[PDB]
Amino acid sequence: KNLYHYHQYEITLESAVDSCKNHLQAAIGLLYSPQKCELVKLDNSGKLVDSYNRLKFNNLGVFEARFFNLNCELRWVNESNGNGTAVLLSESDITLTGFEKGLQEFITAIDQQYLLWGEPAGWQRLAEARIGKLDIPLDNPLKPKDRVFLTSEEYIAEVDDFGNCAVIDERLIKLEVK
RNA sequence: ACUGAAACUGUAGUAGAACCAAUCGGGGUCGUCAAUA
């Protein structure tokens, strides 16, 4: 089994997402900025409703971003003045322009979960007295006893030539209600 | 690529129970003192 990962360097976040848009369809995304950690959803075409002004770096702009859906995850992090490295992670071999392909073999993928902050207060709201509110891109409404989880897959592979396994990556998949 | 926030080491608890400031004693009564000539 192969984990395919695609690198492009010296690329802005706005351009990195636009390069991946065919794959980041409907993808949830998390944007790290000096003052906010905002959750965003790309539309079915993989576009953001204010992508330039949201993804720019110039003024307390996004320095790191993640976007994920079922099939793939895009990661980006700033390296100089708003240019960065993009890495897209995919289960399947796919065509991208400018990106360089690579892969790593993995022994098995194991699912994980991550409970989000808050109880239920398209878009839904969780809230917790500890943090106040958290808004999540989630289309179905939430019953008062629901909790929203985030799912991921960890890929185990041999690191050492002595055969020692480790989880070489963890790709995010989707938000899920449990 | 940015300090977490907020939170009384507090609540209940008698330094107290037991232990005699007490036991015995007539306000009484006689020859001593000095050393020599």
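Reminder, nothing fancy here: chain letters follow the sequence lines and each chain counts from 1. Quick note: numbers below take in every heavy atom, side chains included, and nothing from hydrogens, waters or symmetry partners.
- Here the side chain of A/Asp160 pairs no donor or acceptor atom with the backbone of A/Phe162 at under 3.5 angstrom.
- Without both centres closer than 5.5 angstrom and planes tilted by less than 30 degrees, the six-membered rings of B/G31 and B/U32 do not count as a stacked pair.
- A donor-acceptor pair under 3.5 Å links the side-chain atoms of A/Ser33 to the main chain of A/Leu60, judged by distance alone.
- For A/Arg66 and A/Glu73, the salt-bridge test passes: some basic side-chain N is under 4.0 Å from an acidic carboxylate O.
- For the consecutive pair B/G10/B/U11, the pyrimidine-type rings sit with centres less than 5.5 Å apart and planes less than 30° apart, qualifying as a stack.
- With its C1'-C2'-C3'-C4' torsion above zero, B/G28 shows a north sugar pucker.
- The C1'-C2'-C3'-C4' dihedral of B/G25 is negative. Its furanose therefore counts as south.
- A distance-only check finds no donor-acceptor pair linking the side chain of A/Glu154 to the backbone of A/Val167 [under 3.5 Å].
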Subject >> For RNA chain B, the dot-bracket pattern of Watson-Crick and G-U pairs whose distances stay under 3.5 Å, | for other-strand partners >> reply: .....................................

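- Checked for salt-bridge contact, A/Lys133 and A/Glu128 miss the test: no charged N lies under 4.0 Å from a carboxylate O.
- Here the separation of B/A22 from B/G26, taken at their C1' atoms, is 22 Å to the nearest Å.
- For B/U23, the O4'-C1' to base torsion is more than 90° from 0; the nucleotide is therefore anti.
- Running 5' to 3' along RNA chain B, contacts with non-hydrogen atoms of chain A at under 4.0 Å begin and end at B/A1 to B/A5.
- Centroid-to-centroid, the aromatic rings of A/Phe106 and A/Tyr155 come within less than 6.0 Å.
- Nucleotide B/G26 carries a south sugar; the sign of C1'-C2'-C3'-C4' is negative.
- Here B/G25 is in the anti range [glycosidic angle more than 90° from 0].
- Using the sign of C1'-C2'-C3'-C4' as the criterion, B/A15 is classed as south-puckered.
- The closest side-chain heavy-atom distance from A/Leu89 to A/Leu3 is below 4.5 Å.
- A salt bridge does not link A/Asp18 to A/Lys47: none of the charged side-chain nitrogens sits closer than 4.0 Å to a carboxylate oxygen.
- Sugar conformation at B/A17 is north: the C1'-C2'-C3'-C4' dihedral has a positive sign, consistent with the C3'-endo side.
- Checked by atom type, the side-chain pair A/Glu170/A/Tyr114 shows a donor-acceptor distance below 3.5 Å.
- Rounded to a whole angstrom, the distance from the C1' atom of B/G31 to that of B/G27 is 22 Å.
- Base stacking between B/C33 and B/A34 is present, with six-membered ring centres under 5.5 Å apart and ring planes under 30° to each other.
- A/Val62 comes within 4.0 angstrom of nothing in the nucleic acid, heavy atoms only.
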